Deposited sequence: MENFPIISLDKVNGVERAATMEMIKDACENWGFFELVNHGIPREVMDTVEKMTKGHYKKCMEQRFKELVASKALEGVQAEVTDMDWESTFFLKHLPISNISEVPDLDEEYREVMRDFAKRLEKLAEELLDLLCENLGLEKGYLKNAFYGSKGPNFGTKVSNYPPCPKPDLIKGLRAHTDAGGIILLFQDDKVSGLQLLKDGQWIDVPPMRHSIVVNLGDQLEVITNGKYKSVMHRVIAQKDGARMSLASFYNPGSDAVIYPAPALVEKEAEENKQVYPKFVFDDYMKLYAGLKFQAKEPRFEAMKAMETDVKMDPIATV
């Protein structure tokens, strides 16, 4: 019954019970919701957008000069059509902020991303408390569970990309659930180009200006014992939609022990988060002894 667009300002007013029930429905039946009025000004978001696209334009002009020169060595003229327009870089925020160390950024850009990261962290931890309330758990339970020793892993994937040549090329393309905790996507434009899978069929995430698309990953499903499931999805670059994405991942800390909350109890396993990501990466079957056991299980 339509995608959950949720006005987050309504959670400190008279329409709170409706808004929290809307979040509850989203968490249980969609695994995805779109936030508006979320305590991050348009001032801040447009500043992030303007400067990211500025940095992107520098990288593309630099890339073309290098392409023209490298192609010229082969006795070949580089065209603009030979461009790899894709550019992606990651920024660590927690536990240690890696914005200082990332190459080729303005200082004014670095400051705004430190500010932007601080604001999202509060939003993420606010949302986790709203989930804690809907689930019937104490405030900061999910923040606590995500902490481990050092603290939770938090970071932003900043990517700029062209549109797809034709949509039919993305026909038999593989989808996924996010392995992490909670994910917050900020984009330019209205159109995200993001689809999710509900009851066998693709639904587009509706376009909204100045919105944050939130979704739940595999860890929240383990902690909620299957109640809040991580849903299948895929992001596709639309012809006249978004061409810039800022996916911010708030996952548990490396050494954090993840398990279903005792109260919320067919049964999801107990494990350390780094082991889950080591299974995901495929490092846990480099020795032969693991492999024989896994083949015995299958």
| task | Would you list the gaps, meaning deposited-sequence stretches without C-alpha coordinates, in the order they occur? | result | 1, 267 to 274, 308 to 319
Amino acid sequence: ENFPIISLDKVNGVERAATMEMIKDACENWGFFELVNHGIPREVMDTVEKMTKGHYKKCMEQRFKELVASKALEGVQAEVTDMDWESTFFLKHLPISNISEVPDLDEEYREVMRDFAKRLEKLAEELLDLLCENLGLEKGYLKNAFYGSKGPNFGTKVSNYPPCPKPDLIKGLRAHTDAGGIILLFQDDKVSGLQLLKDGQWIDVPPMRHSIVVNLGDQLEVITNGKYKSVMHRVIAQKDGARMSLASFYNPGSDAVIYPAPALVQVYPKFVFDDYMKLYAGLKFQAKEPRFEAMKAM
From here on, numbers count along this sequence of modelled residues.
| request: Tell me which of 150 to 158 and 168 to 176 has the higher mean C-alpha B-factor in the deposited entry. | output: 168 to 176
| Mean CA B-factor: is it higher for 42 to 50 or for 26 to 34? | 42 to 50
| query | Which of these, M232, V272, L246, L264, has its C-alpha atom at the highest B-factor, as the entry lists it? | reply | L264
| query | Out of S100, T224, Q195, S87, which residue has the highest Cα temperature factor in the PDB record? | reply | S100
| query | Would the CA B-factor of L283 place it in the lowest, middle or highest third of its chain? | reply | highest
| query | Which third of the chain holds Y268 when residues are ordered by C-alpha B factor: lowest, middle or highest? | reply | highest
| What third of its chain's C-alpha B-factors does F116 belong to: lowest, middle or highest? | highest
| Split the chain's modelled residues into thirds by Cα B-factor; is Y228 in the lowest, middle or highest one? | lowest
| task | Divide the modelled residues of the chain into thirds by Cα B-factor and specify which third, lowest, middle or highest, holds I236. | result | highest
